[PDB]
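A single chain, nothing else alongside it, follows as structure tokens in the form deposited in one PDB entry.
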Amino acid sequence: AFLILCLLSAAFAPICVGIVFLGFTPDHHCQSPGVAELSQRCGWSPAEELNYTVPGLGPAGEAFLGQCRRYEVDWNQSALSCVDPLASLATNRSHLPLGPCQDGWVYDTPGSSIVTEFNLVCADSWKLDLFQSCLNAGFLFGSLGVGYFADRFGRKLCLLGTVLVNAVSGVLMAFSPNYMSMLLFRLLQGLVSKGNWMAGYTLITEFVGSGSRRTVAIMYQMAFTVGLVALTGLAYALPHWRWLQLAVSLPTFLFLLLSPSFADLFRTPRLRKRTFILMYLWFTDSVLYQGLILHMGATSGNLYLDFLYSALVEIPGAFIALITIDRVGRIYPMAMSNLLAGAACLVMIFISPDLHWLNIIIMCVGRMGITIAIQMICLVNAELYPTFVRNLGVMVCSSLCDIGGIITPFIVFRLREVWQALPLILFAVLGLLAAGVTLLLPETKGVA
């Protein structure tokens, strides 16, 4: 029973993370016909050809001066000096006419992605956020509608149907002819993903006794980490998104063969405070956790090693979260871990000449600090709250994180245009303010 649930968790792990590998943007520039003929005629500087063709984009303007513009010089059927063709033609190179890009650009990568295939650069750059937005919309919509399908059919036919739909959707998306169909299949599988993922957790929690809930939760975390580790290995040997999608989709097809009421928390004034503080903390932590990975997977010079190292530091977080129990109070680790995720974000915007040996350790520290805080909320939930109230609170928090994940990607991706450090100020503010609301949790007049 444990093996099946762990395999299911590991298989669900790449669904919300693979956008780092499936959709990635490489360096590109506008292409002009006839430049190849001159390059064949004159091969003095194949490398400097770019230098001799791409315009001189200035600081902070390279996003809309070399990737979305081209020169109007007629290279073909023109006599050149083979060294500086532009200098001889015109004394000043800042006065020639420009124009919109054409012919689908030219990329520099041995692999392929959705950006490379469908040309999602320049004015269409906002189409990449739809990928995550549709999946999160599916996550939100599938949470409410899963209860009805648990009745009038049974608790057995749902899992098989969800697994079959997920596998078929994955394969068909791997065989998609146009852009709209891929979005449709993403939305279609977004429901069944969480629909089948929640059942494994519920079964694992129910089957094991109350004395090993912590152990099985740690086992689930270890399974998630292992599933995250194996995905980095596959993307190393399969540099095409169709191959990678098929390779991560086929195993799903292969392996298939006087009562606690929710209205009592808002009447007594003592239980109306912590039940709001915990909700706010959970929402903030989920938003931060979702944002950090997407920020990291966009400005990395070494993606594989950074991903592996960041994923390898999530076991000590659980170890310390378990060790701190029964020895220290419940708010000191919470405050410290919430404060550790803000200082790192604040520092991460002030180290220009220290790259390649500091960003990795700072990102690891921030990731561990975020991971520690999430476990404490779950432990407090399991300690202080009854069954039914938490049985609805899990769905409520899932809906909260789903709406947070709907709103996040647009803000994260489209706020980097004004300045590259803007998304790293909101994270610092949220982290540094979430550590000041936990100090209102202790009850006043606590007699020793």
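Throughout, we count residues from 1 along the sequence that is shown. In this text, rigid core is short for the largest set of C-alphas that superpose within 1.5 Å between two forms.
Only in words, not in the display: the form solved in complex with a small molecule, which the text now covers.
The listed set 243, 289, 304, 175 contains one residue whose heavy atoms approach the small molecule in the deposited bound form to within 4.5 Å, identified as 289. None of 182, 340, 191, 374 but one reaches within 4.5 angstroms of the small molecule in the deposited bound form through a heavy atom, and that residue is 374.
When the small molecule is considered in the deposited bound form, residue 224 lines it closely, a heavy atom lying within 4.5 Å.
At the 4.5 Å threshold, heavy atoms of residue 16 reach the small molecule in the deposited bound form. Not displayed here, the small molecule is kept clear of residue 255 by more than 4.5 Å at the level of heavy atoms in the deposited bound form.
Among residues of the shown chain, residue 197 is one whose heavy atoms approach the small molecule to within 4.5 Å in the deposited bound form.
With the partner omitted here, the stretch from 95-103, 356-364, 265-273, 224-232 that lies within 4.5 Å of the small molecule by heavy atoms in the deposited bound form is 224-232. After superposition on the rigid core, the single residue among 298, 230, 322, 361 whose C-alpha moves by 2 Å or more between the shown form and the other one is 322. Superposition on the rigid core between the shown form and the other one places the CA atom of residue 107 less than 2 Å from its counterpart.
After superposition on the rigid core, displacement of the C-alpha of residue 425 between the shown form and the other one stays below 2 Å. The Cα shift for residue 43 between the shown form and the other one, taken after rigid core superposition, is smaller than 2 angstroms. Relative to this form, the distance between the C-alpha atoms of residue 274 and residue 399 is reduced by at least 3 angstroms in the deposited bound form. Compared with the form shown here, the Cα atoms of residue 29 and residue 44 move at least 3 Å closer together in the deposited bound form.
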